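Chemist: Below is the file my_file_13.csv, which contains CSV, C-alpha atoms and all ligand atoms.
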```
chain,number,residue,atom,x,y,z
A,2,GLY,CA,-9.9,1.3,-10.1
A,3,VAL,CA,-6.9,-0.9,-11.1
A,4,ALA,CA,-7.6,-3.8,-8.7
A,5,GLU,CA,-8.4,-7.1,-10.5
A,6,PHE,CA,-10.2,-10.0,-8.8
A,7,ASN,CA,-10.7,-13.6,-9.6
A,8,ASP,CA,-14.1,-15.3,-9.6
A,9,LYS,CA,-13.8,-16.1,-5.9
A,10,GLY,CA,-13.2,-12.4,-5.0
A,11,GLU,CA,-9.5,-12.8,-4.3
A,12,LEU,CA,-7.2,-9.9,-5.3
A,13,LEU,CA,-4.9,-10.8,-8.2
A,14,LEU,CA,-1.3,-9.8,-7.8
A,15,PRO,CA,-1.0,-6.2,-9.1
A,16,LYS,CA,1.1,-5.8,-12.3
A,17,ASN,CA,4.0,-3.4,-12.7
A,18,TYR,CA,3.3,-1.8,-9.3
A,19,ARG,CA,6.9,-0.7,-9.0
A,20,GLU,CA,6.0,1.9,-11.7
A,21,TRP,CA,3.3,3.3,-9.3
A,22,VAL,CA,3.9,6.4,-7.2
A,23,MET,CA,6.2,5.7,-4.2
A,24,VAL,CA,4.8,7.5,-1.2
A,25,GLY,CA,6.8,6.1,1.7
A,26,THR,CA,10.0,4.3,2.7
A,27,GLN,CA,10.2,2.7,6.2
A,28,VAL,CA,13.3,1.1,7.7
A,29,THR,CA,13.0,-1.5,10.4
A,30,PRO,CA,16.1,-2.1,12.7
A,41,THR,CA,16.8,-5.1,9.1
A,42,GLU,CA,14.1,-4.5,6.4
A,43,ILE,CA,13.1,-1.7,4.1
A,44,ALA,CA,9.5,-1.3,3.1
A,45,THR,CA,8.3,0.7,0.1
A,46,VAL,CA,4.7,1.9,-0.1
A,47,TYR,CA,3.1,2.7,-3.5
A,48,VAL,CA,-0.2,4.2,-4.6
A,49,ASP,CA,-1.5,3.5,-8.0
A,50,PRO,CA,-1.1,6.4,-10.4
A,51,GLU,CA,-4.7,7.3,-11.1
A,52,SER,CA,-5.5,7.3,-7.4
A,53,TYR,CA,-2.4,9.4,-6.7
A,54,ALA,CA,-3.6,11.9,-9.3
A,55,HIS,CA,-7.0,12.1,-7.6
A,56,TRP,CA,-5.3,12.6,-4.2
A,57,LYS,CA,-3.1,15.4,-5.6
A,58,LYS,CA,-6.4,17.1,-6.7
A,59,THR,CA,-8.7,16.4,-3.8
A,60,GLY,CA,-6.7,15.3,-0.7
A,61,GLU,CA,-8.8,12.2,-0.6
A,62,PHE,CA,-8.4,8.5,-1.5
A,63,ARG,CA,-10.8,7.7,-4.3
A,64,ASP,CA,-13.0,4.7,-4.5
A,65,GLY,CA,-10.8,2.1,-6.1
A,66,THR,CA,-7.5,3.2,-4.5
A,67,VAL,CA,-4.9,0.5,-4.4
A,68,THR,CA,-1.8,0.6,-2.2
A,69,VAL,CA,1.1,-1.9,-2.2
A,70,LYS,CA,3.8,-2.4,0.5
A,71,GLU,CA,6.9,-4.2,-0.8
A,72,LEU,CA,9.5,-5.6,1.6
A,73,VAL,CA,13.2,-6.0,0.8
A,74,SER,CA,16.2,-7.2,2.8
A,75,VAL,CA,19.0,-4.7,3.3
A,76,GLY,CA,22.4,-4.7,1.6
A,77,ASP,CA,25.6,-3.2,3.0
A,78,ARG,CA,27.5,-0.5,1.0
A,79,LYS,CA,31.1,0.4,1.9
A,86,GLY,CA,25.5,2.8,3.8
A,87,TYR,CA,22.6,0.5,3.3
A,88,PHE,CA,20.5,-0.2,0.2
A,89,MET,CA,17.6,-2.3,-1.1
A,90,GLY,CA,18.5,-6.0,-1.3
A,91,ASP,CA,16.3,-9.0,-2.2
A,92,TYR,CA,12.5,-8.9,-2.3
A,93,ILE,CA,11.0,-10.8,0.6
A,94,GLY,CA,7.4,-9.7,1.0
A,95,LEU,CA,4.4,-8.0,-0.5
A,96,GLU,CA,1.1,-6.7,1.0
A,97,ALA,CA,-1.7,-4.6,-0.4
A,98,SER,CA,-4.8,-2.7,0.5
A,99,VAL,CA,-7.8,-1.8,-1.7
A,100,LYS,CA,-10.6,0.8,-1.1
A,101,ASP,CA,-14.0,-0.1,-2.7
A,102,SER,CA,-17.3,1.2,-1.3
A,103,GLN,CA,-19.3,-1.4,-3.1
A,104,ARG,CA,-17.1,-4.6,-2.8
A,105,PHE,CA,-16.1,-3.8,0.8
A,106,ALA,CA,-19.3,-2.1,1.9
A,107,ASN,CA,-19.0,-3.9,5.3
A,108,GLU,CA,-15.4,-3.1,6.1
A,109,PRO,CA,-14.1,-0.1,8.0
A,110,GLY,CA,-13.5,2.7,5.5
A,111,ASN,CA,-14.4,0.2,2.8
A,112,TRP,CA,-10.8,-1.0,2.8
A,113,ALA,CA,-9.7,-4.6,2.4
A,114,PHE,CA,-6.2,-5.9,3.3
A,115,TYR,CA,-4.1,-8.6,1.6
A,116,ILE,CA,-0.9,-10.6,2.0
A,117,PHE,CA,0.8,-11.9,-1.1
A,118,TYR,CA,3.8,-13.2,0.8
A,119,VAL,CA,5.8,-12.5,3.9
A,120,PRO,CA,9.3,-13.7,4.7
A,121,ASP,CA,9.5,-17.5,4.9
A,122,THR,CA,6.2,-18.1,3.0
A,123,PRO,CA,5.4,-18.6,-0.7
A,124,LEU,CA,4.1,-16.0,-3.1
A,125,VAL,CA,0.4,-16.5,-4.1
A,126,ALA,CA,-1.1,-15.4,-7.4
A,127,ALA,CA,-4.3,-14.2,-5.7
A,128,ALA,CA,-4.9,-13.2,-2.1
A,129,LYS,CA,-8.0,-13.4,0.1
A,130,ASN,CA,-9.0,-10.3,2.0
A,131,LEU,CA,-8.1,-10.7,5.6
A,132,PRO,CA,-10.6,-10.5,8.5
A,133,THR,CA,-11.1,-7.0,9.8
A,134,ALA,CA,-9.4,-7.9,13.1
A,135,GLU,CA,-6.1,-8.8,11.5
A,136,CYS,CA,-5.3,-5.5,9.6
A,137,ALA,CA,-8.1,-3.0,9.4
A,138,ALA,CA,-8.4,-2.7,13.2
A,139,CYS,CA,-4.9,-1.3,13.6
A,140,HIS,CA,-5.1,0.9,10.5
A,141,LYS,CA,-8.5,2.4,11.5
A,142,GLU,CA,-7.2,3.2,15.0
A,143,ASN,CA,-3.8,4.6,14.1
A,144,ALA,CA,-3.6,5.9,10.5
A,145,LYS,CA,-3.7,9.6,10.1
A,146,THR,CA,-5.9,9.7,6.9
A,147,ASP,CA,-8.7,7.2,6.0
A,148,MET,CA,-6.8,4.1,7.1
A,149,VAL,CA,-3.6,5.0,5.3
A,150,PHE,CA,-0.5,5.9,7.4
A,151,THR,CA,0.0,9.2,5.5
A,152,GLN,CA,1.8,10.6,8.6
A,153,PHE,CA,4.9,8.7,7.3
A,154,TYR,CA,4.4,9.5,3.6
A,155,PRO,CA,5.7,13.0,2.9
A,156,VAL,CA,4.9,13.0,-0.8
A,157,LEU,CA,1.2,13.0,-0.1
A,158,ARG,CA,0.8,16.0,2.2
A,159,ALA,CA,3.2,18.0,0.1
A,160,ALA,CA,1.4,17.2,-3.1
A,161,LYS,CA,-2.0,18.3,-1.8
A,162,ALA,CA,-0.6,21.5,-0.3
A,163,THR,CA,1.4,22.6,-3.4
A,164,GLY,CA,-0.3,20.8,-6.3
A,165,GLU,CA,3.2,19.4,-7.2
A,166,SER,CA,5.1,16.2,-6.7
A,167,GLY,CA,8.5,17.8,-6.0
A,168,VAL,CA,10.2,20.8,-4.5
A,169,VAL,CA,9.7,24.1,-6.3
A,170,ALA,CA,12.1,27.0,-6.3
B,201,LIG,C1,-0.7,-2.1,13.6
B,201,LIG,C2,-0.4,-3.1,14.7
B,201,LIG,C3,-0.8,-2.7,12.2
B,201,LIG,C4,-1.4,-3.8,11.8
B,201,LIG,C5,-2.1,-4.9,12.6
B,201,LIG,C6,-1.3,-3.9,10.4
B,201,LIG,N1,-0.7,-2.8,9.9
B,201,LIG,FE1,-0.4,-2.3,8.0
B,201,LIG,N2,0.6,-0.6,8.6
B,201,LIG,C7,0.9,-0.2,9.9
B,201,LIG,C8,1.8,0.9,9.9
B,201,LIG,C9,2.4,1.6,11.1
B,201,LIG,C10,2.1,1.2,8.4
B,201,LIG,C11,3.0,2.3,7.9
B,201,LIG,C12,4.2,1.7,7.2
B,201,LIG,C13,5.0,0.9,8.2
B,201,LIG,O1,5.1,-0.4,7.9
B,201,LIG,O2,5.5,1.4,9.2
B,201,LIG,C14,1.3,0.3,7.7
B,201,LIG,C15,1.2,0.3,6.3
B,201,LIG,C16,0.6,-0.7,5.6
B,201,LIG,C17,0.4,-0.5,4.1
B,201,LIG,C18,0.7,0.7,3.3
B,201,LIG,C19,-0.5,1.6,3.1
B,201,LIG,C20,-1.0,2.2,4.4
B,201,LIG,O3,-2.1,1.9,4.8
B,201,LIG,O4,-0.2,3.0,5.0
B,201,LIG,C21,-0.3,-1.7,3.8
B,201,LIG,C22,-0.7,-2.1,2.3
B,201,LIG,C23,-0.4,-2.5,4.9
B,201,LIG,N3,0.1,-1.9,6.0
B,201,LIG,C24,-1.0,-3.7,4.9
B,201,LIG,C25,-1.3,-4.4,6.1
B,201,LIG,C26,-1.9,-5.8,6.1
B,201,LIG,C27,-2.2,-6.7,4.9
B,201,LIG,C28,-2.1,-6.1,7.4
B,201,LIG,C29,-2.7,-7.4,8.0
B,201,LIG,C30,-1.9,-8.7,7.6
B,201,LIG,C31,-1.7,-5.0,8.2
B,201,LIG,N4,-1.2,-4.0,7.4
B,201,LIG,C32,-1.8,-4.9,9.6
B,201,LIG,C33,0.3,-0.8,11.0
B,201,LIG,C34,-0.4,-2.0,11.0
```
Would you put the structure from the file into structure tokens?
Modeler:
Amino acid sequence: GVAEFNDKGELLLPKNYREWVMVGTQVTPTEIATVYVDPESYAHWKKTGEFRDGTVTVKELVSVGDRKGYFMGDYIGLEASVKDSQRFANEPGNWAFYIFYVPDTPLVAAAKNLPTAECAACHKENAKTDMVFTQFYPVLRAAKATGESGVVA
């Protein structure tokens, strides 16, 4: 997979993740969150309907701008999750969860996996598919069902 770790086992900040496959957009009444899946893992999903070993997701938070509508403003947070059956053999679903920054806190270059109770517990109890909240990510179910990442006529 594309995840890179430092010698202490902390996840390094992913590079160029805004070029990954956007799977979801959530609006909080105000923030916008964009969820990405790395491209090789997205290709595997489209083919199999499963998250491969090595899947990386990123959730990027922005503030909201006003249009005279609303649009993406300033970047204010970044979180990530990584699936790895060998590195995370003792986590639910073999997923680890990371904060790179949240509003009012500084960006770190490398993030430590959080304890199971802080993130994985909610994901494993509420996510539709293998601890990823695919119920909110319409690109994923469509891609598996049609083999395509878009509408077809
Ligand atoms: C329930 C109380 C949650 C806890 C605790 C955490 N997360 Fe979560 N996560 C939750 C939801 C409902 C969603 C869908 C998008 C949204 O914000 O509404 C998510 C999504 C993510 C993602 C995107 C990939 C995915 O699994 O869907 C990531 C990378 C993510 N969340 C990270 C994350 C971290 C680092 C957490 C602990 C600090 C954490 N989540 C806790 C619900 C809940």
Chemist: Any residue with an atom at most 7 Å from ligand LIG 201 (chain B) counts, using all atoms listed in the file. Which are they? Put them as an mmCIF file with C-alpha atoms, keeping the file's coordinate frame.
Modeler:
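Contents of selection-v3.cif, freshly written:
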```
data_model
loop_
_atom_site.group_PDB
_atom_site.id
_atom_site.type_symbol
_atom_site.label_atom_id
_atom_site.label_comp_id
_atom_site.auth_asym_id
_atom_site.auth_seq_id
_atom_site.Cartn_x
_atom_site.Cartn_y
_atom_site.Cartn_z
ATOM 1 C CA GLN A 27 10.200 2.700 6.200
ATOM 2 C CA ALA A 44 9.500 -1.300 3.100
ATOM 3 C CA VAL A 46 4.700 1.900 -0.100
ATOM 4 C CA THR A 68 -1.800 0.600 -2.200
ATOM 5 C CA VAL A 69 1.100 -1.900 -2.200
ATOM 6 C CA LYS A 70 3.800 -2.400 0.500
ATOM 7 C CA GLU A 96 1.100 -6.700 1.000
ATOM 8 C CA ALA A 97 -1.700 -4.600 -0.400
ATOM 9 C CA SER A 98 -4.800 -2.700 0.500
ATOM 10 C CA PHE A 114 -6.200 -5.900 3.300
ATOM 11 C CA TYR A 115 -4.100 -8.600 1.600
ATOM 12 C CA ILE A 116 -0.900 -10.600 2.000
ATOM 13 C CA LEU A 131 -8.100 -10.700 5.600
ATOM 14 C CA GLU A 135 -6.100 -8.800 11.500
ATOM 15 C CA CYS A 136 -5.300 -5.500 9.600
ATOM 16 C CA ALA A 137 -8.100 -3.000 9.400
ATOM 17 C CA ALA A 138 -8.400 -2.700 13.200
ATOM 18 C CA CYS A 139 -4.900 -1.300 13.600
ATOM 19 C CA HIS A 140 -5.100 0.900 10.500
ATOM 20 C CA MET A 148 -6.800 4.100 7.100
ATOM 21 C CA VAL A 149 -3.600 5.000 5.300
ATOM 22 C CA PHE A 150 -0.500 5.900 7.400
ATOM 23 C CA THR A 151 0.000 9.200 5.500
ATOM 24 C CA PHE A 153 4.900 8.700 7.300
#
```
Chemist: What are the closest atom pairs, with distances in Å to one decimal, for all residues of region 65-160 of chain A lying within 7 Å of region 10-22 of chain A? Consider all atoms listed in the file, order rows by chain and residue number, and present the result as a tab-separated table.
Modeler:
```
residue	atom	partner	partner_atom	distance
A:126	CA	A:14	CA	5.6
A:127	CA	A:13	CA	4.3
A:128	CA	A:11	CA	5.1
A:129	CA	A:11	CA	4.7
A:130	CA	A:11	CA	6.8
```
Chemist: Using Å and a single decimal, report how far CA of residue 45 (chain A) sits from CA of residue 107 (chain A).
Modeler: 28.2 Å
Chemist: If you measure from CA of residue 4 (chain A) to CA of residue 99 (chain A), what distance in Å do you get, rounded to one decimal?
Modeler: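 Taking CA of residue 4 (chain A) and CA of residue 99 (chain A), their separation equals 7.3 Å.
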Chemist: Pull the closest atom pair for each residue of region 107-165 of chain A that gets at most 8 Å from region 55-64 of chain A, along with the distance in Å to one decimal, counting only C-alpha atoms, ordering rows by chain and then ascending residue number, as JSON lines.
Modeler:
```
{"residue": "A:147", "atom": "CA", "partner": "A:62", "partner_atom": "CA", "distance": 7.6}
{"residue": "A:157", "atom": "CA", "partner": "A:57", "partner_atom": "CA", "distance": 7.4}
{"residue": "A:160", "atom": "CA", "partner": "A:57", "partner_atom": "CA", "distance": 5.5}
{"residue": "A:161", "atom": "CA", "partner": "A:57", "partner_atom": "CA", "distance": 4.9}
{"residue": "A:164", "atom": "CA", "partner": "A:57", "partner_atom": "CA", "distance": 6.1}
{"residue": "A:165", "atom": "CA", "partner": "A:57", "partner_atom": "CA", "distance": 7.6}
```
Chemist: One number please: CA of residue 24 (chain A) to CA of residue 7 (chain A), in Å, one decimal.
Modeler: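 A separation of 27.5 Å between them.
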Chemist: Nearest residue to residue 25 (chain A) out of A:142, A:121, A:51, A:71, using all atoms listed in the file?
Modeler: A:71
Chemist: Looking at A:118, A:154, A:112, A:53, which one is nearest to residue 132 (chain A), with distances taken over only C-alpha atoms?
Modeler: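 Looking only at the distances to residue 132 (chain A), the closest residue turns out to be A:112.
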Chemist: Find the residue from A:48, A:169, A:28, A:54 that sits nearest to residue 72 (chain A); use only C-alpha atoms when measuring.
Modeler: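 The closest residue to residue 72 (chain A) is A:28.
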Chemist: Box in all listed atoms of region 3-16 of chain A, axis-aligned, with 4 Å more on each side; write out centre and edge lengths in Å to one decimal as JSON.
Modeler:
```
{"center_x": -6.5, "center_y": -8.5, "center_z": -8.3, "size_x": 23.2, "size_y": 23.2, "size_z": 16.0}
```
Chemist: So that I can see what lies close to residue 120 (chain A), please list as a list in words the residues with an atom at most 10 Å from it, counting all atoms listed in the file and leaving out residues fewer than 5 positions away in the same chain.
Modeler: residues 72, 73, 74, 92, 93, 94 and 95 of chain A
Chemist: Counting all atoms listed in the file, figure out which residue out of A:113, A:125, A:144, A:75 gets nearest to residue 29 (chain A).
Modeler: A:75
Chemist: Using all atoms listed in the file, which of the listed residues (A:156, A:119, A:41, A:163) sits closest to residue 88 (chain A)?
Modeler: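 For residue 88 (chain A), the nearest of the candidates is A:41.
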Chemist: So, counting only C-alpha atoms, which residue among A:108, A:170, A:49, A:117 is closest to residue 134 (chain A)?
Modeler: A:108
